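Asks: Below is the structure I would like to discuss, written out as structure tokens.
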Amino acid sequence: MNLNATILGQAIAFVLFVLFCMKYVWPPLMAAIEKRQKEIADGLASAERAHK
Amino acid sequence: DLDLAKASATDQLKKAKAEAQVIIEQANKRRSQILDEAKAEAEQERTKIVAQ
């Protein structure tokens, strides 16, 4: 169809939402999940260290 | 039960230090009374020889 400058406008909102999520959301949740994994991995690891 | 493992690891090594103590104390006493019997015998066989 007839293209429109909106193709230029939309890119800005896209890159802004990327800039925001990239820092305000992702590392937060990355930690929030990695911490839950590590707390179980270390539990079973230390328990094996005890049995040995 | 990590610390149940710690508990057993404390206990059995305590018990080793105890049993391997009394074994050697007991064998030392056996050696003491054997070297006692040695004198009780040697000084009694002398009487036999002088009576002879």
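Ligands are numbered from 1 in the order shown, chains are lettered A, B, ... in the order of the structure tokens, and residues start at 1 in each chain.
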Could you list the residues in chain B lying within 7 Å of chain A, using only C-alpha atoms, and format the result as a list in words?

Replies: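 Every residue meeting the condition is included here: residues 2, 5 and 6 of chain B.
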
Asks: To one decimal place, how far is CA of residue 13 (chain A) from CA of residue 25 (chain A) in Å?

Replies: 16.9 Å
